[PDB]
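Data first, discussion second: the structure below is written as structure tokens.
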Amino acid sequence: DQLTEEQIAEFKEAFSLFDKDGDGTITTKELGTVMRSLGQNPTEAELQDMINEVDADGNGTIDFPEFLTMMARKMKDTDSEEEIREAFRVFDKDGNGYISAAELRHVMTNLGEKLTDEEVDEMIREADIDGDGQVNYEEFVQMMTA
Amino acid sequence: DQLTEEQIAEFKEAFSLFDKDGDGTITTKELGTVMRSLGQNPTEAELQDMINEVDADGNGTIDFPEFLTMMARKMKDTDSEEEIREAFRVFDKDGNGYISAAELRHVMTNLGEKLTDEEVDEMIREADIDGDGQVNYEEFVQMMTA
Amino acid sequence: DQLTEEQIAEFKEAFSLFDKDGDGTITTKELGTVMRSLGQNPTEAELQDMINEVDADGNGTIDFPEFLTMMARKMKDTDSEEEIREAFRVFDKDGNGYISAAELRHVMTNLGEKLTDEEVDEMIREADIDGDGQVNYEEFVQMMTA
Amino acid sequence: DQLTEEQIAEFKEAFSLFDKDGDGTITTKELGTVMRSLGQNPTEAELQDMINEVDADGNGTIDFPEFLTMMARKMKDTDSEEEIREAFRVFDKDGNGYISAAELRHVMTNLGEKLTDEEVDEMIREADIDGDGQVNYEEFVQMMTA
Amino acid sequence: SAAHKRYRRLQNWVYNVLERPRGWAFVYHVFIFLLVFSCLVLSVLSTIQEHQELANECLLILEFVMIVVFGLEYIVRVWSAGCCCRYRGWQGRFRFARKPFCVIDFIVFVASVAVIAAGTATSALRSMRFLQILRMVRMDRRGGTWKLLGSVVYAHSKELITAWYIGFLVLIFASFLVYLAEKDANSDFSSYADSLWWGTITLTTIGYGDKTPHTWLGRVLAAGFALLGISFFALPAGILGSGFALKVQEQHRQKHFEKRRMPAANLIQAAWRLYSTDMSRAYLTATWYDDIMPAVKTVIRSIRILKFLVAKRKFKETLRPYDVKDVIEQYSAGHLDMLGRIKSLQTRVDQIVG
Amino acid sequence: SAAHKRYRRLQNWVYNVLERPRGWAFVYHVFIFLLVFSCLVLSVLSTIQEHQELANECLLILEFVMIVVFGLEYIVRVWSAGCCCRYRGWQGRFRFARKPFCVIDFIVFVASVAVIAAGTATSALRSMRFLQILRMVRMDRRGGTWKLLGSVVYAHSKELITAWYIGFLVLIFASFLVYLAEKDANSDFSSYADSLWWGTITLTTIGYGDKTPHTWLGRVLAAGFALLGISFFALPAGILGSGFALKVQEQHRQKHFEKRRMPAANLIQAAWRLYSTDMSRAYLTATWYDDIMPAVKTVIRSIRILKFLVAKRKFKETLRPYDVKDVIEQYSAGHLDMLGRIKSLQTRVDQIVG
Amino acid sequence: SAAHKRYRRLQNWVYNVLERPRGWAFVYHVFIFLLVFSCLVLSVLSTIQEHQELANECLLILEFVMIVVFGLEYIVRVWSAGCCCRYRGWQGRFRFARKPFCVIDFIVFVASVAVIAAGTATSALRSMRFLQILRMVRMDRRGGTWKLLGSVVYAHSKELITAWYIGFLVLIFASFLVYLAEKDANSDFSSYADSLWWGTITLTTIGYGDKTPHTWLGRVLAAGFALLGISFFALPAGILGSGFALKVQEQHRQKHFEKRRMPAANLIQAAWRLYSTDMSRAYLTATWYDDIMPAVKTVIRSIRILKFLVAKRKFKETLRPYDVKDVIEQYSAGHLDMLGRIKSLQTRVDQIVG
Amino acid sequence: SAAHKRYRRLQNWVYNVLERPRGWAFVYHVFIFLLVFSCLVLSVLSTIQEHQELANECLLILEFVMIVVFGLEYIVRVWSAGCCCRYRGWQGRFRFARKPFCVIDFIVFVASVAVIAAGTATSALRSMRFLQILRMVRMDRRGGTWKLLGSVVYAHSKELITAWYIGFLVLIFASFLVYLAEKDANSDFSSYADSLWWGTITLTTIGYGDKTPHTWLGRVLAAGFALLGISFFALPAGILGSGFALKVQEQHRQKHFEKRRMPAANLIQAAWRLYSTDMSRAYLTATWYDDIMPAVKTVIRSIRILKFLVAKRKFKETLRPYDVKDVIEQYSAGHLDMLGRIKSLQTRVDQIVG
Ligand SMILES: CCOC(=O)Nc1ccc(NCc2ccc(F)cc2)cc1N
Ligand SMILES: CCOC(=O)Nc1ccc(NCc2ccc(F)cc2)cc1N
Ligand SMILES: [K+]
Ligand SMILES: [K+]
Ligand SMILES: [K+]
């Protein structure tokens, strides 16, 4: 999946929605302004955490090379596949790489940034559930890392 | 003490005082309303705890089968006899199955949901107190579990 | 020092200043009222602690037998001599039964219910201080327990 | 560097700016008044700590002998050289007696009573920085203790 | 019935001294111990061909005394069990006898009596003297020692496994190396099996001395291996000891907290209040005399049953241990309640003055 | 495909029992252990010149059974690996075979088969019986025991060095002093080397008994020196055991906290939300059908990627342990928020009334 | 009386060095130790038939010196006791002599002198040399060591009992099994008693070597049982060692808290204030000169007695340890006081504005 | 001066590897160790009359190599010390040489060279080979091991004394009792001294086997006494091991706190600010050019000196440990500040509205 030049131009056009002034950088102001226009309400500390994940210069900005790297990579990297698989394993006590559909539903809608019923319905539909009702989450992780 | 059909009908008539709408369920609204009419003042968290002790479906209700089971059983089960006997043993340091009348009186009127003087007077009258003033609480437990 | 009958009558006359009603008992009301008339200001919890030290019946009162016992005994008992001597030993690190006049002065005026300068001056005058400036506190304890 | 009599007279003239009344002592009032006239704003607890560092009598004052001792000594004593060198060693993990110019800059401007950029610029200029960018702080300590 | 109550107190005292001793009751059990253990020793002294005569003589008397004492103890305990309310009447006594250790004690006693009777097959009459060890095994109340040892071993599985794996490798390697050096010079190390026997007897630090290295290479090789090997072999005795000590300390820790308290006291109260619904003078009035609206009293009883069940649960839960994060939880509750109080002030100031 | 799912469940069960056992799966591994260990013992009994005949007979049968069993186990595990998604197809099976311990097991099996074949150079056919010990060495999953031992030894380096330094000085001294006293009277202590051998064999508490002091001066010196010397030699075993116990206790401590929780659950959610940006029915509407303003959806995806990366980090961080100073931190946060609340009241009172 | 005070200081110094040493005073006691212990050794060297002559010679001089030194020490201590105020005058000295260890020391000294006198029944004059060990036993101040050992043993009763029960069973079983295998081949295991002796001498890891298994079955059975048995026998030592260490650590812990403080200081003050009621210049005024209304001063004294008794109790209580739940208690007190403060604000706002 | 800085970096690296190693620098010291230790071993092999020839040959070469290596190391370290600023110039090098261990190393080297020279009194030339052990003793940086051992022994002095007192009494008693039983039958126990030797050799679990009880009474007493005696003798090792482990654990605990921090950083700042009073461009202005009112700048400097002294103290204090009662102290500070804030609200409401 070599990154092509047209794909780079489409990332550039998204990057320019944040950096409307043409300064080549995205600060918490530019990021948070676009987010709130869509009806999101991040906090300042959440905007700083997000920028810090890709800001190698440590000056509180995202530049286009950092933006392009994040967009090209998504979740395809091996670190993402391993950590997501480690998160499922927290809820796999048997150690057999399986989790019950009903147990997945409980964790997704009752912990963390809970999924809505419709979100979790789409998630269980997308996993090829076995007839017992058990989900092989390691093949679920490869579908999100492909 | 086989549960008879007339006994079932008398439980049904009590159950219907709670569930006046005929919906077949008792929620915190129905339970707490009957209780406050008698001058009791449970909290919401106390009404939830009470219903949760017999709500197998986990949906916050008591149905008639659960109500009937609780009423038929009272304290006659072996779990009740053992736990009540374990509670007395907390206050039996000798380990001989005895507790002093005066020590029972102190615990009943000074700890927990304290008994009134008249309540505790009736309780000590009902235990066949020995001439020393010592109470054999394991036969006291069988009288409440009979 | 056999307790004589005239000594008993003088204790009775003091006891009657507290128990002005002739009820034969001293409660926190009677004790605290006499104390505040002299310009003292004990708290309620301090009045309860004081009565509790001599109230064997545990009903919150002092009767004349308890009052007479306390007055006849003062500090002459062996428990008082030992505990006072143990208190000095807290401040005797050498373990030789001595404490410096200047160290006694620091502890008396800087810890606890501090002595005034004039109080502590009288206390150091009363101990037969050695020429070095060291106080043998065990003979100081016998003078207060004699 | 024998302390001369003219040097003593110049210390006396500074001491008299604090002790304008001629009482021979500097309290928190005299010290803090001169400091605030120059636009400093110490707290009362900071003025007490400062006086306590040189007040051997423990009465909350600085007299001229204590003032003269502090002024004659500055940082030239061996205790100062050792403690300052121990402070640098906190930030020398290698244990080789070196610290990076950039690491010195981070610690000086980000911890404690942070140096301004211009202060820290003068400090790095004064250390004979090596071509790598590493500072030998033990010779930096001898220049401040000379 | 004062005599009846004296009888009941005597029974409860005897049953307390027998079933669950405390304080001075031990002065009995220890005795029984020294009575069986002693017998055992005599049995061993019977095996020697030098003391057989006197040993058998003493064993006759001791077996007689022991059979009498254990018969008395068994009858007394079977009669004492009656004190408790569980086993009443001869049916209850029988139910008591059905216990496992009771029938064990009875079987051992009947075996002893049958043996002493047949005494008047001496080989079997001597062999069965081993039975007495069951009298001690009977001192284990539900195998407490085995369960404790198993718990402590399982909790430390990884460390214990590491000591055995490293120790086994050192044993194999050292035995082979020493055998390679002592092969021809010394006659003790004729085969590898002899070298392994020597290696075990040395690494365990037993050191019989029937096999020892003679050449200097073997000696230097054995000295280096023994220092590394001896520590690994003794590593388990230390791990388990520290485990037992730490377990005892932490357990003693939780004894001080006494957090269970209040739940046991409330359970008895909810049980009494439920029970008294059906017998209290509070319900023996013209008002309660049931004929027109029976359900009212039934509803009141149903509420007391629900509260009893809540109290029984809270009581069972107290046994479970609690974390040290409670202080954070009380600050969270305290802060939230206070922050809500300042809000209620703020809203009222904004309501009146605006 | 119900049969396909039965197939997959069977595969996952077999792979679970083989690669990472739990609960009852151990009943398999233990078996394999007793199958190899037993063989080892027989090999040793082959060295004795008394039991060689029967031992070789039994070893033939046992080697046959072991080769068959290990071939079966290897084929089953290679087929079972397919269950996981990593190794699929014959390319994936091959990738599985490339593992180190797999090729180790294969080499050992081929060696056993070649040996039994050449059986029909007997010295080498006996020498290679040592290979089986590799079957046990293979039980170490990435040398856990070695790493644990190394960690515990390194953590106690200063304490361990003191025991060795003090112990070495005592051994050098006691040997010299005893040799000075036993020099002429006893023939055992002919040279200093003999005295050193005796000193080591004595201080380690092995005590072979081939060398012992005979004169009274030597006996007194040996008595006093051994008491000081024996404790120092046994000091290292005592330190490592307590270290293992304390480590196990503290580790078990952190298990109760369960602080990682929430981060793992949120990571799966941020990953699902990011993934669903490109397939959800939420984006299959006329509104989203991309042609006029593609960047809007790209910007929405870029935000979900950033949140996913925040959740992955918070998830990895949970593994790291946390200090007990959190309570101070919550008081600092709670006090600051409340002090700011009283300020906001004060400013509003001062605004309205002044 | 400056000379009197010099006298008193000398007395207190001597009594401090004798009764309760600290710091450098030990340099005395250690000396006395090496003076008695040495004597003991010489006594033992008297038993040998080779050194009897020189040993008796040295013992004469040493007994003379020891009798003189202990007489001097006893006289000095009896005179020194006078320093304290408890024993004053010859009646007080006598009261001091009545102590148990004092009369013990006196009896030992008189016995030594009578023996050396009768020297000018030599068997008894040698037998009584054991008496000196009482001089060391006298170093125990109220048997501290015995009480410490008993406390630590009682606190760990369950683990200790588990180690003995498992250890006893393993010993019996291993002895029997090895005896069954070595019965006929080896002559050492002639009877079961010999097997038990071997089993004990092996499991304790003593390993004399006079009895060892000869047949291979016995060796294999002995080897496996020896490994399991050796760990159980050494388990007690480790348990008690860890117990002592943990006890010392926790005790040292409580030393840092120093919570008792304030109570001891206040007790002296309440005692002085009570005492001064009857001698202070504050009461030597015309106003207080008692003739018209004696009860007023008596009432004032009665109040000071009650406060003294409160201070004595609070002082005795400080010795008792305190829990770590105090922080929860201070939050409960702090929250309650603050919540009551917001209520008092709320009521006043509602009073004025309504 | 780039070459000068390369020179200085080289010097600092060499001095770091020599004086205070870390990480990979150990690969040097270990080497030196194996170079001296090896020599020692060879010296011992010189004592045997069988290997003397080859041993002396090897020792010649090894002594030559060792003398060369240590001379090189000494010259390199003496030159390397120059890197630090303390010792500069030949006066500084000399000051470096005056250290104790430096002169020790120099003396040992000169002794080795003089010995090898005189080689071309062989008894002394062999005796001085012991000197090398000083090369290892030199590895102790200010006797760390001795101080650690002393600290741990002193902290558990009460526990250690109890083990010795109980153990000594058992040895004195068991020896006497066994001697009473073996007196006439066995020839080993001819005198009490022999019984004491046997008792020590048994209780320490050495078990030479030259003395053993023969009569059954002696065996029973020995077996009973050994079980009680062996545990008491093995206590000190367990106590000290648990002590070392607990000490290491608690120390590692304090590593996590990292509380000293801020004070060290502030001290450098106050020192720089004081120093810069006399050289900063901030004071090189017409305004500061001192002629009319010198005291103003002197007063400013006096204030910076006082602040420097406050920062030095706060920095030195950080090394001292801190208690766990800080949380109570922060609640006390937080509550007091908040209670004072509600008072300031109350006073203002009462001021305006009244
Ligand atoms: C808790 C009960 O006691 C023990 O755990 N005992 C023990 C067990 C094994 C070892 N390791 C050596 C070894 C292991 C396996 C073999 F086959 C041969 C030798 C050492 C001890 N002390
Ligand atoms: C704290 C003092 O030291 C001991 O507790 N010693 C000890 C006591 C018993 C055992 N168990 C073996 C055994 C027990 C009973 C028997 F009758 C025969 C053997 C082991 C030791 N080490
Ligand atoms: K041993
Ligand atoms: K041995
Ligand atoms: K031996």
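Letters A, B, ... go to the chains of the structure tokens in the order shown; residues in each chain start at 1; ligands are counted from 1 in the same order.
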
Expected answer as an NGL selection string: residues within 8 Å of ligand 5, only C-alpha atoms and all ligand atoms:
(:E and (206-209)) or (:F and (206-210)) or (:G and (206-209)) or (:H and (206-209))

Could you write out that same residue set with C-alpha atoms as a PDB file, in the first residue's frame?
ATOM      1  CA  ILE E 206      24.806 -35.090  54.487  1.00  0.00           C
ATOM      2  CA  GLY E 207      28.368 -36.209  53.809  1.00  0.00           C
ATOM      3  CA  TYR E 208      28.466 -39.862  54.813  1.00  0.00           C
ATOM      4  CA  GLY E 209      32.139 -40.176  53.912  1.00  0.00           C
TER       5      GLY E 209
ATOM      6  CA  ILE F 206      29.488 -31.783  55.008  1.00  0.00           C
ATOM      7  CA  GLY F 207      31.860 -33.502  57.422  1.00  0.00           C
ATOM      8  CA  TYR F 208      33.145 -36.538  55.553  1.00  0.00           C
ATOM      9  CA  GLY F 209      35.281 -37.639  58.489  1.00  0.00           C
ATOM     10  CA  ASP F 210      38.410 -38.698  56.607  1.00  0.00           C
TER      11      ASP F 210
ATOM     12  CA  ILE G 206      24.166 -35.018  60.627  1.00  0.00           C
ATOM     13  CA  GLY G 207      25.299 -38.061  58.663  1.00  0.00           C
ATOM     14  CA  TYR G 208      27.635 -39.928  60.992  1.00  0.00           C
ATOM     15  CA  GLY G 209      28.298 -42.635  58.416  1.00  0.00           C
TER      16      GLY G 209
ATOM     17  CA  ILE H 206      29.076 -31.359  60.917  1.00  0.00           C
ATOM     18  CA  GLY H 207      29.069 -34.980  62.054  1.00  0.00           C
ATOM     19  CA  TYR H 208      32.621 -36.190  61.522  1.00  0.00           C
ATOM     20  CA  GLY H 209      31.794 -39.671  62.790  1.00  0.00           C
TER      21      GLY H 209
END

Please report as a PyMOL selection string which residues of chain F come no farther than 7 Å from chain A, using only C-alpha atoms.
chain F and resi 5+12+16+85+262+264-269+275+295+298-299+302+305-307+309-310+312

Residues of chain H within 6 Å of chain G, using only C-alpha atoms, as a PyMOL selection string?
chain H and resi 162+191+205+207+209+231+235+238-239+242-243

Restricting the output to N, CA and C atoms, write the selected residues as a CSV table (one decimal), in the first residue's frame.
chain,number,residue,atom,x,y,z
H,162,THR,N,19.8,-14.1,72.4
H,162,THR,CA,18.9,-15.2,72.9
H,162,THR,C,19.3,-16.5,72.3
H,191,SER,N,36.5,-38.8,78.8
H,191,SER,CA,36.5,-37.6,79.7
H,191,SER,C,35.4,-36.6,79.2
H,205,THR,N,25.9,-29.9,63.2
H,205,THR,CA,25.5,-30.7,62.1
H,205,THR,C,26.7,-31.1,61.2
H,207,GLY,N,29.1,-33.5,62.0
H,207,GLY,CA,29.1,-35.0,62.1
H,207,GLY,C,30.3,-35.7,61.4
H,209,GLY,N,32.0,-38.2,62.7
H,209,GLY,CA,31.8,-39.7,62.8
H,209,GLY,C,32.9,-40.4,63.6
H,231,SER,N,18.3,-26.7,65.8
H,231,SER,CA,17.6,-25.5,65.4
H,231,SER,C,18.1,-24.2,66.0
H,235,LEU,N,19.9,-20.7,64.0
H,235,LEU,CA,19.1,-19.5,64.0
H,235,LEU,C,19.8,-18.3,63.5
H,238,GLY,N,19.6,-17.7,59.8
H,238,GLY,CA,18.3,-17.3,59.3
H,238,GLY,C,17.9,-15.8,59.8
H,239,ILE,N,18.2,-15.5,61.0
H,239,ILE,CA,17.9,-14.1,61.5
H,239,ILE,C,18.6,-13.1,60.6
H,242,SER,N,17.2,-12.9,57.0
H,242,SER,CA,16.0,-12.1,56.9
H,242,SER,C,16.2,-10.7,57.1
H,243,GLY,N,17.2,-10.3,58.0
H,243,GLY,CA,17.5,-8.9,58.3
H,243,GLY,C,18.0,-8.3,57.0

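Backbone DSSP over chain C yields strand (DSSP E) at residues 25, 26, 62, 63, 98, 99, 100, 134, 135 and 136 of chain C.
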
Please produce a file of those selected residues containing C-alpha atoms, as a PDB file, in the first residue's frame.
ATOM      1  CA  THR C  25     -24.167  12.984  94.263  1.00  0.00           C
ATOM      2  CA  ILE C  26     -21.970  15.246  92.145  1.00  0.00           C
ATOM      3  CA  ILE C  62     -19.524  11.004  92.321  1.00  0.00           C
ATOM      4  CA  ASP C  63     -20.938   9.961  95.679  1.00  0.00           C
ATOM      5  CA  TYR C  98      18.868  12.799  86.949  1.00  0.00           C
ATOM      6  CA  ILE C  99      17.481  15.655  84.878  1.00  0.00           C
ATOM      7  CA  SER C 100      19.043  19.071  84.292  1.00  0.00           C
ATOM      8  CA  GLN C 134      21.164  18.501  87.957  1.00  0.00           C
ATOM      9  CA  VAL C 135      17.969  17.373  89.702  1.00  0.00           C
ATOM     10  CA  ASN C 136      17.450  13.963  91.286  1.00  0.00           C
TER      11      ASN C 136
END

Ligand 2 neighbours within 9 Å using only C-alpha atoms and all ligand atoms, as a ChimeraX atom specification
/E:37 /G:149,153,160-161,163-172,200,203-204,232-237,240 /H:223-232

Selected residues written out with C-alpha atoms, as a compact mmCIF listing (two decimals), in the first residue's frame:
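Contents of selection-v5.txt, freshly written:
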# COMPACT_ATOMS: atom_id res chain seq x y z
CA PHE E 37 3.53 -41.61 71.76
CA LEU G 149 11.57 -17.11 72.83
CA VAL G 153 7.11 -19.60 69.59
CA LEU G 160 5.63 -24.95 63.82
CA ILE G 161 3.11 -27.78 64.57
CA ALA G 163 6.44 -28.71 60.30
CA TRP G 164 6.73 -31.29 63.16
CA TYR G 165 3.66 -33.32 62.05
CA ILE G 166 4.85 -33.57 58.39
CA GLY G 167 8.47 -34.12 59.57
CA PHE G 168 7.46 -36.90 62.01
CA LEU G 169 5.35 -38.73 59.39
CA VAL G 170 8.09 -38.57 56.75
CA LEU G 171 10.64 -39.91 59.24
CA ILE G 172 8.50 -42.90 60.23
CA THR G 200 17.00 -39.53 62.29
CA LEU G 203 17.15 -36.47 58.01
CA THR G 204 18.76 -34.08 60.48
CA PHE G 232 10.91 -30.28 56.77
CA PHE G 233 13.51 -30.78 59.57
CA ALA G 234 15.17 -27.39 58.78
CA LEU G 235 11.75 -25.62 58.41
CA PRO G 236 11.48 -24.64 62.16
CA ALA G 237 14.78 -22.69 62.18
CA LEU G 240 11.65 -18.72 63.90
CA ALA H 223 18.54 -37.91 69.06
CA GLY H 224 16.23 -35.93 71.40
CA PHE H 225 18.86 -33.26 72.24
CA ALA H 226 20.05 -32.90 68.60
CA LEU H 227 16.56 -31.92 67.34
CA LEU H 228 16.31 -29.10 69.95
CA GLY H 229 20.04 -28.20 69.63
CA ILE H 230 20.32 -28.11 65.80
CA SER H 231 17.55 -25.46 65.41
CA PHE H 232 19.12 -23.05 67.98

Can you pull out every residue from region 238-348 of chain E that DSSP, working from the backbone, puts in alpha helix (DSSP H), and format the result as a PyMOL selection string?
chain E and resi 238-257+262-276+295-318+326-348

What is the CA of residue 101 (chain E)-CA of residue 138 (chain E) distance in Å, reported with one decimal?
6.7 Å
